[PDB]
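Trainee: Below you'll find the structure I mean.
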There are 2 protein chains.
Amino acid sequence: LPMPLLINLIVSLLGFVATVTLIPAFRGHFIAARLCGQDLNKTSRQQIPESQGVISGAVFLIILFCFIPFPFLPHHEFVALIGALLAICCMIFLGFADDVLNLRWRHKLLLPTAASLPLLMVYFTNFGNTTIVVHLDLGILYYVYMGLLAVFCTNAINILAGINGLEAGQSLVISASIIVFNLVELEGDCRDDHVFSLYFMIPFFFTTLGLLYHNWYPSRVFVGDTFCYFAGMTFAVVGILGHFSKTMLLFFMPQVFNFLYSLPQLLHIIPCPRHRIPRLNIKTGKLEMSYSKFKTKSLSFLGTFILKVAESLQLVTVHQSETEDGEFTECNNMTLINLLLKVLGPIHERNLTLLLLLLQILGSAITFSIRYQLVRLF
Amino acid sequence: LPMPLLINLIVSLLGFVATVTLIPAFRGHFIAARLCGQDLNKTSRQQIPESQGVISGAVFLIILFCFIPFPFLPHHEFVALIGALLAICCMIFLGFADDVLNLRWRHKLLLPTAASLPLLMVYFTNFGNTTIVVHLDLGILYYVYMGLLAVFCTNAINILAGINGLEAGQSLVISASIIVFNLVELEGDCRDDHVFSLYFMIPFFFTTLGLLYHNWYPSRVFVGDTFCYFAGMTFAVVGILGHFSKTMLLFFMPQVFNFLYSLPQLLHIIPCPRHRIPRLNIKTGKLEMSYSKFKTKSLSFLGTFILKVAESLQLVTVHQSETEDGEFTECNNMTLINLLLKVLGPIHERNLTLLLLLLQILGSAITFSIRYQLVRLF
């Protein structure tokens, strides 16, 4: 176990160097490829290369392809290693294809379930435990869970974005938490399930680190949806094949909140604008809250209920107004980023991200305290 | 053996239908993505979607992902099935990324060797025969062969192009030849190596058929380099893991000629222009030969030798001229397409491709006649 992990750490560090180096090397290619855009929360109108998650994702694959013989230098764990690499590779591919082509939201949800198929087949051939603990055999519903886990993690990361270094940053906190957890649980009982998880988590961390080097404020590159697809599948891969998917979903606490808080807007029960990202006040330099103003008559009975319950829960800022066109309701954009600006006022982009990363650390500490009996201590 | 092959044929036919249907469905996406271009050998200036090999390649992957449990419903042949799918998937990905980004020719040659790594690792873990028959153990040089085989097949297909339905068409003749060969050799001796090859060749044939449906004259879509990368790796995958790589390289006869005949121009020993494709005479409707005119003084001593030897072999048409700038030499563009126009005069695009496809059939018949003792018959 320490001998292949040493080799895995060496290739991961070479991969960090590789990502840091290749990202600015391909800058010209992405700009020429029209795979670039402006940073909307910035006064600068310069084009920044998009989908850089494709370069770190590619570096990740090559690193692991080289690593493949070392754990071996038994097949049951080897099939899962090649199978997991197929599922991740397919996802980086279909992820980048979705970035380049901008597929319909319905086709976007099918892509993660498509890429997760080899894991389901490996779990089938290697006779994986279809039973779950509250002792219940899910059988077919367990395979539906595995399929949907890839779809969840990607979109959970993808919905909690809009400020520089958030998507890559939250993934670093999550992967580092899994790394810490794997090491703690490596000492005894489940050694095989946590050594396997480390094999993917260490290269994922260091390639993402190299990406964050360029994505961090002030954003030099964008990660793109390719990164969210890549990250989401890597987390689903380790959680599924490591059997710690429940523990792993607890590291997704800020994402789960942000998702449910967003849900009334996403389902269009409460009016949703094109972009729910904060509005930068040029004179301040900091980011202010964004709003979704709409006609009160056009709002549904269910929507009027949810918006009144969320206002009474002290989560949404509601501003009533009346114009020549009629009466309009200015509802606060429902996302964790805008909720932090409601609670703490206007915050600068670099501090706002860092704060959400700290919030991600807090949740991980909460998970760890539950799992290891540290509630009495703290 | 017939039971999983039946299921493989069913999914392959559904895949044909899928490719035929999805290609025109995504037309809008590619045009908007600026992933489109004009057909240079045509008077029509309309933009035709590029890289459609990504859609057939994707359909291929999904088909095989569904197929994975059926041969099983033993691991040694399963590892190669998942391993081969990883190598092919990685290639479709890095292939499409190269289409979208247009990487340097030196990085383009590293991509196939990168994607072929899982096959090398599977061949390593599953203790593959490093020995070869003229009885010689190549050891390390055998792994270099496997790595370079992917690079060869892709580029061999990629260099023999320039007319509608050639790249997809030549791949259909090659894959159909391998299908026929697998079936002949399935009856006895090596059943496992040919049943494995069929598992990939049948889905490759029917997805390419669906692509050719739209690529065939008059080209509605372009296959892109994504297809050449995809095709090349699938042929290298089956040849390597099926151990019939020598027999398979004989089906690549028109490609091997076209490559070597092109070599003096590619290496720039003899001047090479931007495009060595035929020139369409608007009044004729047919395609005429293309030429590479250059200064005789700028031509190397080795280049003057090769061009004189190729002229004496009755392969290249050389036209000497003298202008105000000085004396210039108008050399014929060295490719199998232009050589066919030198021998048979101007030919229409639809007939020219069909003729090269027939030429590909001839070579396959030659290979089959050698392998099965049919020289006396014909």
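So you can find residues: chains in the structure tokens are A, B, ... in the order shown, residues in each start at 1, and ligands are numbered from 1 in order.
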With a cut-off of 9 Å and counting only C-alpha atoms, select all residues of chain B in contact with chain A and give the selection as a PyMOL selection string.
Mentor: chain B and resi 26+29-30+32-35+54+58+61-62+65-66+68-69+72-73+75-76+78-79+82-83+85-87+89-90+92-94+96-97+100-103+114-115+117-118+121-122+124-125
Trainee: Restricting it to N, CA and C atoms, dump the selection as a compact mmCIF listing (two decimals), in the first residue's frame.
Mentor:
# COMPACT_ATOMS: atom_id res chain seq x y z
N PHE B 26 -28.14 17.19 -34.93
CA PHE B 26 -27.12 18.07 -34.36
C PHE B 26 -26.57 19.06 -35.36
N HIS B 29 -26.32 22.65 -34.14
CA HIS B 29 -25.31 22.81 -33.10
C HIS B 29 -23.93 23.05 -33.65
N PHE B 30 -23.50 22.27 -34.67
CA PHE B 30 -22.18 22.38 -35.30
C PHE B 30 -22.02 23.68 -36.07
N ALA B 32 -23.72 26.54 -35.55
CA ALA B 32 -23.66 27.58 -34.54
C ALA B 32 -22.32 27.55 -33.84
N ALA B 33 -21.74 26.35 -33.66
CA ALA B 33 -20.45 26.16 -33.01
C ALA B 33 -19.29 26.56 -33.91
N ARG B 34 -19.58 27.01 -35.15
CA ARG B 34 -18.59 27.39 -36.17
C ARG B 34 -17.79 26.17 -36.63
N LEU B 35 -18.29 24.94 -36.32
CA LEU B 35 -17.72 23.64 -36.68
C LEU B 35 -18.30 23.21 -38.03
N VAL B 54 -17.55 12.42 -34.52
CA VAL B 54 -17.80 12.56 -33.09
C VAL B 54 -19.17 11.96 -32.71
N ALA B 58 -19.52 8.52 -30.83
CA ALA B 58 -20.25 8.53 -29.57
C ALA B 58 -21.30 7.41 -29.58
N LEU B 61 -19.65 4.07 -28.94
CA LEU B 61 -19.33 3.89 -27.52
C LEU B 61 -20.54 3.44 -26.72
N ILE B 62 -21.67 4.16 -26.83
CA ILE B 62 -22.92 3.83 -26.12
C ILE B 62 -23.39 2.40 -26.46
N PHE B 65 -21.08 -0.04 -24.71
CA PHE B 65 -21.26 0.08 -23.25
C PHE B 65 -22.43 -0.78 -22.82
N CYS B 66 -23.49 -0.81 -23.65
CA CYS B 66 -24.69 -1.62 -23.44
C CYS B 66 -24.39 -3.09 -23.68
N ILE B 68 -21.31 -4.74 -23.31
CA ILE B 68 -20.36 -5.23 -22.29
C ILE B 68 -20.86 -6.47 -21.49
N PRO B 69 -22.07 -6.50 -20.85
CA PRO B 69 -22.43 -7.70 -20.06
C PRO B 69 -22.75 -8.97 -20.84
N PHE B 72 -20.21 -12.07 -21.47
CA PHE B 72 -20.02 -12.71 -20.17
C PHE B 72 -21.29 -13.46 -19.71
N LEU B 73 -22.45 -12.78 -19.79
CA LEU B 73 -23.77 -13.30 -19.41
C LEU B 73 -24.34 -14.13 -20.56
N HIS B 75 -12.47 -13.16 -16.78
CA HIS B 75 -11.96 -11.79 -16.65
C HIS B 75 -10.87 -11.35 -17.64
N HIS B 76 -9.98 -12.29 -18.04
CA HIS B 76 -8.86 -12.04 -18.97
C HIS B 76 -9.31 -11.38 -20.28
N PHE B 78 -12.38 -9.96 -20.51
CA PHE B 78 -13.21 -8.84 -20.05
C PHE B 78 -12.36 -7.56 -19.87
N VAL B 79 -11.14 -7.72 -19.31
CA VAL B 79 -10.16 -6.65 -19.09
C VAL B 79 -9.80 -6.01 -20.44
N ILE B 82 -12.91 -3.85 -21.79
CA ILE B 82 -12.99 -2.55 -21.09
C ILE B 82 -11.76 -1.69 -21.44
N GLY B 83 -10.59 -2.33 -21.51
CA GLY B 83 -9.32 -1.71 -21.88
C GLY B 83 -9.35 -1.15 -23.29
N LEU B 85 -12.08 -0.42 -25.00
CA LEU B 85 -13.08 0.65 -24.99
C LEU B 85 -12.50 1.95 -24.43
N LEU B 86 -11.59 1.85 -23.45
CA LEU B 86 -10.92 3.02 -22.87
C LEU B 86 -10.01 3.67 -23.93
N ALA B 87 -9.19 2.84 -24.63
CA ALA B 87 -8.27 3.26 -25.69
C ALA B 87 -9.01 3.95 -26.84
N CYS B 89 -12.27 5.26 -26.71
CA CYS B 89 -12.92 6.45 -26.14
C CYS B 89 -11.98 7.63 -26.00
N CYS B 90 -10.78 7.38 -25.47
CA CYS B 90 -9.74 8.39 -25.28
C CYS B 90 -9.35 8.99 -26.63
N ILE B 92 -11.33 9.08 -29.47
CA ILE B 92 -12.44 9.86 -30.02
C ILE B 92 -12.38 11.24 -29.37
N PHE B 93 -12.07 11.29 -28.06
CA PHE B 93 -11.95 12.51 -27.27
C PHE B 93 -10.80 13.37 -27.76
N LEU B 94 -9.57 12.85 -27.70
CA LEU B 94 -8.37 13.60 -28.10
C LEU B 94 -8.42 13.94 -29.59
N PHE B 96 -11.37 14.67 -31.35
CA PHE B 96 -12.32 15.80 -31.42
C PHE B 96 -11.71 17.07 -30.84
N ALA B 97 -10.89 16.94 -29.79
CA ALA B 97 -10.21 18.06 -29.17
C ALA B 97 -9.24 18.63 -30.19
N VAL B 100 -11.35 20.54 -32.88
CA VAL B 100 -11.78 21.80 -32.32
C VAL B 100 -10.61 22.78 -32.15
N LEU B 101 -9.44 22.31 -31.66
CA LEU B 101 -8.30 23.20 -31.35
C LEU B 101 -7.20 23.31 -32.40
N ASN B 102 -7.10 22.35 -33.34
CA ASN B 102 -6.06 22.31 -34.39
C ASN B 102 -4.66 22.39 -33.80
N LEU B 103 -4.27 21.31 -33.10
CA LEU B 103 -2.98 21.18 -32.44
C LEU B 103 -1.84 21.04 -33.45
N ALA B 114 -0.77 8.12 -26.89
CA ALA B 114 -1.31 8.45 -25.58
C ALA B 114 -2.53 7.58 -25.31
N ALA B 115 -3.49 7.55 -26.25
CA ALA B 115 -4.72 6.77 -26.18
C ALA B 115 -4.49 5.26 -26.22
N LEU B 117 -2.07 3.61 -24.75
CA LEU B 117 -1.46 3.19 -23.47
C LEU B 117 -2.27 2.11 -22.70
N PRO B 118 -3.62 2.21 -22.52
CA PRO B 118 -4.35 1.13 -21.81
C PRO B 118 -4.21 -0.25 -22.45
N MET B 121 -0.84 -1.62 -21.36
CA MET B 121 -0.96 -2.00 -19.95
C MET B 121 -1.75 -3.29 -19.76
N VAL B 122 -2.83 -3.49 -20.54
CA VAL B 122 -3.67 -4.70 -20.53
C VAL B 122 -2.82 -5.85 -21.05
N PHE B 124 0.32 -6.07 -20.94
CA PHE B 124 1.35 -6.24 -19.92
C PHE B 124 0.83 -7.09 -18.76
N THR B 125 -0.32 -6.70 -18.16
CA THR B 125 -0.95 -7.39 -17.03
C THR B 125 -1.49 -8.77 -17.40
Trainee: Would you mind writing down, as a VMD selection string, each residue of range 190-358 of chain B that DSSP on the backbone assigns to alpha helix (DSSP H)?
Mentor: chain B and resid 192 to 215 224 to 242 245 to 249 253 to 266 301 to 312 336 to 344 349 to 358
Trainee: In Å, with one decimal, what is the gap from CA of residue 129 in chain A to CA of residue 144 in chain A?
Mentor: 13.9 Å
Trainee: Can you pull out the residues contacting residue 246 in chain A? Cut-off 12 Å, using only C-alpha atoms, and skip same-chain residues under 4 positions away; I want them as number ranges by chain.
Mentor: A: 132-134, 145-146, 149, 178, 235-236, 238-240, 242, 250-253, 367, 371
Trainee: Please provide the set of residues having any atom within 9 Å of residue 354 in chain A, restricted to only C-alpha atoms, with same-chain residues fewer than 6 positions apart removed, written as a list in words.
Mentor: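 Once the nearby chain positions are removed, what remains is residues 165, 166 and 169 of chain A.
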Trainee: Can those selected residues be exported to a file as a PDB file, in the first residue's frame so that it contains N, CA and C atoms?
Mentor:
ATOM      1  N   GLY A 165     -12.641  30.978  -9.210  1.00  0.00           N
ATOM      2  CA  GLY A 165     -12.072  29.932  -8.365  1.00  0.00           C
ATOM      3  C   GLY A 165     -13.024  29.184  -7.456  1.00  0.00           C
ATOM      4  N   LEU A 166     -14.347  29.334  -7.663  1.00  0.00           N
ATOM      5  CA  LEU A 166     -15.345  28.648  -6.840  1.00  0.00           C
ATOM      6  C   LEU A 166     -15.473  27.150  -7.181  1.00  0.00           C
ATOM      7  N   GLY A 169     -12.110  25.380  -6.682  1.00  0.00           N
ATOM      8  CA  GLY A 169     -11.871  25.537  -5.246  1.00  0.00           C
ATOM      9  C   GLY A 169     -12.700  24.634  -4.355  1.00  0.00           C
TER      10      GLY A 169
END
Trainee: So, counting only C-alpha atoms, which residue among A:208, A:292, A:373, A:197 is closest to residue 334 in chain A?
Mentor: A:292
Trainee: Please return as a PDB file with N, CA, C and O atoms, in the first residue's frame: the residues of range 107-340 of chain B that backbone DSSP assigns to strand (DSSP E or B).
Mentor:
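That gives us selection.pdb:
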ATOM      1  N   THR B 131       6.807 -12.306 -28.385  1.00  0.00           N
ATOM      2  CA  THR B 131       7.473 -13.004 -29.488  1.00  0.00           C
ATOM      3  C   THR B 131       6.695 -12.782 -30.797  1.00  0.00           C
ATOM      4  O   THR B 131       5.476 -12.605 -30.770  1.00  0.00           O
ATOM      5  N   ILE B 132       7.411 -12.789 -31.936  1.00  0.00           N
ATOM      6  CA  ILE B 132       6.864 -12.593 -33.280  1.00  0.00           C
ATOM      7  C   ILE B 132       7.375 -13.656 -34.258  1.00  0.00           C
ATOM      8  O   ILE B 132       8.429 -14.255 -34.024  1.00  0.00           O
ATOM      9  N   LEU B 136      11.125 -14.714 -33.178  1.00  0.00           N
ATOM     10  CA  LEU B 136      11.939 -13.647 -32.581  1.00  0.00           C
ATOM     11  C   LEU B 136      11.189 -12.903 -31.462  1.00  0.00           C
ATOM     12  O   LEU B 136      10.122 -12.341 -31.714  1.00  0.00           O
ATOM     13  N   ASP B 137      11.764 -12.881 -30.239  1.00  0.00           N
ATOM     14  CA  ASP B 137      11.190 -12.180 -29.084  1.00  0.00           C
ATOM     15  C   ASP B 137      11.589 -10.700 -29.144  1.00  0.00           C
ATOM     16  O   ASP B 137      12.760 -10.363 -28.936  1.00  0.00           O
ATOM     17  N   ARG B 279      -8.239  19.714 -58.747  1.00  0.00           N
ATOM     18  CA  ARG B 279      -8.885  20.977 -59.091  1.00  0.00           C
ATOM     19  C   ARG B 279     -10.092  20.705 -59.996  1.00  0.00           C
ATOM     20  O   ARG B 279      -9.933  20.134 -61.074  1.00  0.00           O
ATOM     21  N   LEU B 280     -11.294  21.109 -59.558  1.00  0.00           N
ATOM     22  CA  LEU B 280     -12.537  20.932 -60.317  1.00  0.00           C
ATOM     23  C   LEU B 280     -12.645  21.935 -61.478  1.00  0.00           C
ATOM     24  O   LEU B 280     -12.637  23.147 -61.242  1.00  0.00           O
ATOM     25  N   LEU B 287     -13.092  16.254 -61.997  1.00  0.00           N
ATOM     26  CA  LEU B 287     -11.889  16.683 -61.273  1.00  0.00           C
ATOM     27  C   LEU B 287     -10.627  16.433 -62.092  1.00  0.00           C
ATOM     28  O   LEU B 287     -10.404  15.319 -62.570  1.00  0.00           O
ATOM     29  N   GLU B 288      -9.801  17.476 -62.235  1.00  0.00           N
ATOM     30  CA  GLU B 288      -8.525  17.436 -62.945  1.00  0.00           C
ATOM     31  C   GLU B 288      -7.356  17.398 -61.951  1.00  0.00           C
ATOM     32  O   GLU B 288      -7.538  17.721 -60.781  1.00  0.00           O
ATOM     33  N   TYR B 291      -1.149  20.558 -59.396  1.00  0.00           N
ATOM     34  CA  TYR B 291       0.298  20.664 -59.569  1.00  0.00           C
ATOM     35  C   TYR B 291       0.967  21.529 -58.501  1.00  0.00           C
ATOM     36  O   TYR B 291       0.309  22.364 -57.873  1.00  0.00           O
ATOM     37  N   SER B 292       2.279  21.310 -58.297  1.00  0.00           N
ATOM     38  CA  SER B 292       3.134  22.035 -57.359  1.00  0.00           C
ATOM     39  C   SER B 292       4.317  22.646 -58.133  1.00  0.00           C
ATOM     40  O   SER B 292       5.330  21.972 -58.353  1.00  0.00           O
ATOM     41  N   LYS B 293       4.157  23.910 -58.589  1.00  0.00           N
ATOM     42  CA  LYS B 293       5.179  24.647 -59.339  1.00  0.00           C
ATOM     43  C   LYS B 293       6.123  25.367 -58.379  1.00  0.00           C
ATOM     44  O   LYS B 293       5.658  26.032 -57.448  1.00  0.00           O
ATOM     45  N   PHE B 294       7.446  25.211 -58.590  1.00  0.00           N
ATOM     46  CA  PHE B 294       8.481  25.811 -57.744  1.00  0.00           C
ATOM     47  C   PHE B 294       9.752  26.135 -58.521  1.00  0.00           C
ATOM     48  O   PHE B 294       9.916  25.660 -59.644  1.00  0.00           O
ATOM     49  N   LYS B 295      10.656  26.935 -57.916  1.00  0.00           N
ATOM     50  CA  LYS B 295      11.941  27.315 -58.504  1.00  0.00           C
ATOM     51  C   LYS B 295      12.884  26.107 -58.516  1.00  0.00           C
ATOM     52  O   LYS B 295      13.018  25.426 -57.496  1.00  0.00           O
ATOM     53  N   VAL B 318       6.050  15.867 -65.100  1.00  0.00           N
ATOM     54  CA  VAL B 318       6.933  17.022 -64.895  1.00  0.00           C
ATOM     55  C   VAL B 318       6.835  17.972 -66.101  1.00  0.00           C
ATOM     56  O   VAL B 318       6.998  17.537 -67.244  1.00  0.00           O
ATOM     57  N   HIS B 319       6.557  19.262 -65.837  1.00  0.00           N
ATOM     58  CA  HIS B 319       6.446  20.293 -66.869  1.00  0.00           C
ATOM     59  C   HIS B 319       7.442  21.423 -66.616  1.00  0.00           C
ATOM     60  O   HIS B 319       7.306  22.163 -65.637  1.00  0.00           O
ATOM     61  N   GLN B 320       8.451  21.542 -67.494  1.00  0.00           N
ATOM     62  CA  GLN B 320       9.489  22.572 -67.408  1.00  0.00           C
ATOM     63  C   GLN B 320       9.040  23.861 -68.103  1.00  0.00           C
ATOM     64  O   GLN B 320       8.435  23.806 -69.178  1.00  0.00           O
ATOM     65  N   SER B 321       9.335  25.018 -67.477  1.00  0.00           N
ATOM     66  CA  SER B 321       8.973  26.351 -67.973  1.00  0.00           C
ATOM     67  C   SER B 321       9.997  27.420 -67.567  1.00  0.00           C
ATOM     68  O   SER B 321      10.760  27.213 -66.620  1.00  0.00           O
ATOM     69  N   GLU B 322      10.009  28.563 -68.285  1.00  0.00           N
ATOM     70  CA  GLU B 322      10.893  29.691 -67.992  1.00  0.00           C
ATOM     71  C   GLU B 322      10.165  31.033 -68.111  1.00  0.00           C
ATOM     72  O   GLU B 322       9.601  31.348 -69.161  1.00  0.00           O
ATOM     73  N   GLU B 327      13.656  30.185 -64.228  1.00  0.00           N
ATOM     74  CA  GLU B 327      13.150  28.867 -64.619  1.00  0.00           C
ATOM     75  C   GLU B 327      12.440  28.162 -63.453  1.00  0.00           C
ATOM     76  O   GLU B 327      12.993  28.065 -62.353  1.00  0.00           O
ATOM     77  N   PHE B 328      11.203  27.693 -63.698  1.00  0.00           N
ATOM     78  CA  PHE B 328      10.377  26.999 -62.709  1.00  0.00           C
ATOM     79  C   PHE B 328       9.948  25.618 -63.207  1.00  0.00           C
ATOM     80  O   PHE B 328       9.733  25.431 -64.407  1.00  0.00           O
ATOM     81  N   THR B 329       9.815  24.657 -62.275  1.00  0.00           N
ATOM     82  CA  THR B 329       9.421  23.273 -62.555  1.00  0.00           C
ATOM     83  C   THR B 329       8.028  22.976 -61.965  1.00  0.00           C
ATOM     84  O   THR B 329       7.834  23.099 -60.754  1.00  0.00           O
ATOM     85  N   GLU B 330       7.070  22.592 -62.831  1.00  0.00           N
ATOM     86  CA  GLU B 330       5.697  22.272 -62.439  1.00  0.00           C
ATOM     87  C   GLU B 330       5.535  20.758 -62.281  1.00  0.00           C
ATOM     88  O   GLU B 330       5.272  20.043 -63.247  1.00  0.00           O
ATOM     89  N   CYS B 331       5.728  20.283 -61.046  1.00  0.00           N
ATOM     90  CA  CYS B 331       5.647  18.880 -60.645  1.00  0.00           C
ATOM     91  C   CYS B 331       4.213  18.486 -60.284  1.00  0.00           C
ATOM     92  O   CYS B 331       3.501  19.272 -59.666  1.00  0.00           O
ATOM     93  N   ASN B 332       3.809  17.256 -60.642  1.00  0.00           N
ATOM     94  CA  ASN B 332       2.482  16.708 -60.343  1.00  0.00           C
ATOM     95  C   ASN B 332       2.365  16.390 -58.845  1.00  0.00           C
ATOM     96  O   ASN B 332       3.311  15.855 -58.267  1.00  0.00           O
TER      97      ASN B 332
END
Trainee: Nearest to residue 347 in chain A among A:289, A:186, A:10, A:109, with distances taken over only C-alpha atoms: which residue is it?
Mentor: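 Smallest separation from residue 347 in chain A among the options: A:289.
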Trainee: Mind giving me the straight-line distance from CA of residue 283 in chain B to CA of residue 161 in chain B in Å, one decimal?
Mentor: 24.0 Å
Trainee: I'd like the contact shell of residue 260 in chain B - 10 Å cut-off, only C-alpha atoms, skipping same-chain residues fewer than 5 positions apart - returned as a list in words.
Mentor: residues 255, 265, 266, 334 and 335 of chain B
Trainee: Which residues come within 12 Å of residue 184 in chain A, counting only C-alpha atoms, excluding same-chain residues fewer than 2 positions away, as a CSV table (one decimal) with C-alpha atoms, in the first residue's frame?
Mentor:
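Contents of the output file result35.csv:
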chain,number,residue,atom,x,y,z
A,177,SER,CA,-11.7,15.9,2.6
A,178,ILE,CA,-11.9,12.5,0.8
A,179,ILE,CA,-8.1,12.2,0.8
A,180,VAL,CA,-8.0,12.9,4.7
A,181,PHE,CA,-11.0,10.5,5.2
A,182,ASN,CA,-9.3,7.7,3.1
A,186,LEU,CA,-6.7,3.2,5.6
A,187,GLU,CA,-5.2,2.0,9.0
A,188,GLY,CA,-7.8,-0.8,9.4
A,189,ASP,CA,-11.0,-2.5,8.3
A,190,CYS,CA,-11.6,-1.2,4.7
A,191,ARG,CA,-8.0,-0.7,3.3
A,194,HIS,CA,-9.7,3.6,0.5
A,195,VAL,CA,-6.4,2.8,-1.3
A,198,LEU,CA,-6.7,7.6,-3.1
A,368,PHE,CA,-15.6,14.5,10.3
A,371,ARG,CA,-17.9,10.3,12.0
A,372,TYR,CA,-15.0,10.3,14.6
Trainee: As a ChimeraX atom specification, please: the residues near residue 156 in chain B (cut-off 9 Å, only C-alpha atoms, same-chain neighbours under 5 positions excluded).
Mentor: /B:151,228,232,252,255-256,258-259
Trainee: Mind pulling up the distance from CA of residue 301 in chain A to CA of residue 273 in chain A?
Mentor: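 CA of residue 273 in chain A sits 19.5 Å away from CA of residue 301 in chain A.
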